[PDB]
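Scroll down for the structure; my scribbles are underneath it.
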Amino acid sequence: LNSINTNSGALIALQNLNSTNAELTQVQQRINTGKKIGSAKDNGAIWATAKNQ
Amino acid sequence: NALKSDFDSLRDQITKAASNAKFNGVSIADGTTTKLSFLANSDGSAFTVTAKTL
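As you go down the protein sequences, you meet chains L and O in turn.
Residue 46 in PDB author numbering sits at position 44 of the first sequence; the count goes up by one each step and never skips.
Residue 157 in PDB author numbering sits at position 47 of the second sequence; the count goes up by one each step and never skips.
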């Protein structure tokens with residue numbers, strides 16, 4: 003508490019900002035690719051089933 | 111004999127048209143299974159769909 007060195011609140015804000023950035027990333031691939039399951043990285047079962055069918 | 115050959119051609123087109131209606135290796139109308147169940151709730155409740163053989 004009260005220190006020039008460690009400042010945990012900025013760390014927590016960086017964590018929430020990284021989470022929001024990752025969500026923006028997934029939303030951008032879903033918008034540009036046009037598929038909810040655009041790759042095996044999204045969900046392997048539905049993706050393999052879709053490619054086979 | 112001509113109408114006989116026509117009837118046989120129609121009945122085996124029915125055979126192939128019924129047999130080939132699969133989806134993801136599964137068909138509700140080819141007679142391979144009595145029914146299929148799908149998710150309807152978070153706790154694993156199913157939505158039954160009785161098979162109707164064609």
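Positions of the beta carbon are idealized from the N, C-alpha and C atoms, including for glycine.
Just to confirm my understanding: we take residue 48 of chain L, look at its own chain, exclude 5 residues before and 5 after, and list those with CB closer than 6 Å. What are they?
Numbered from its first residue, the first sequence carries residue 48 of chain L at position 46. Taken in chain order, the residues that qualify are 39.
Just to confirm, is the Cβ distance from residue 158 of chain O to residue 147 of chain O under 8 Å?
Against the second sequence, residue 158 of chain O aligns to sequence position 48. Against the second sequence, residue 147 of chain O aligns to sequence position 37. In this structure, residue 147 of chain O lies closer than 8 Å to residue 158 of chain O by Cβ.
Assuming residue 149 of chain O and residue 156 of chain O make a contact with CB atoms under 8 Å, what is their CB distance in whole Å?
Indexing the second sequence from 1 puts residue 149 of chain O at position 39. Indexing the second sequence from 1 puts residue 156 of chain O at position 46. With 8 Å as the limit, residue 149 of chain O and residue 156 of chain O qualify as a contact, their Cβ atoms being about 7 Å apart.
Could you name the residues that DSSP lists as bridge partners for residue 117 of chain O?
By one-based count along the second sequence, residue 117 of chain O stands at place 7. Answer is none; residue 117 of chain O lacks a bridge partner.
With DSSP run on the structure shown, which of helix, strand or coil describes residue 161 of chain O?
Here residue 161 of chain O corresponds to residue number 51 of the second sequence, with the count starting at 1. The answer is coil: DSSP assigns residue 161 of chain O none of H, G, I, E or B.
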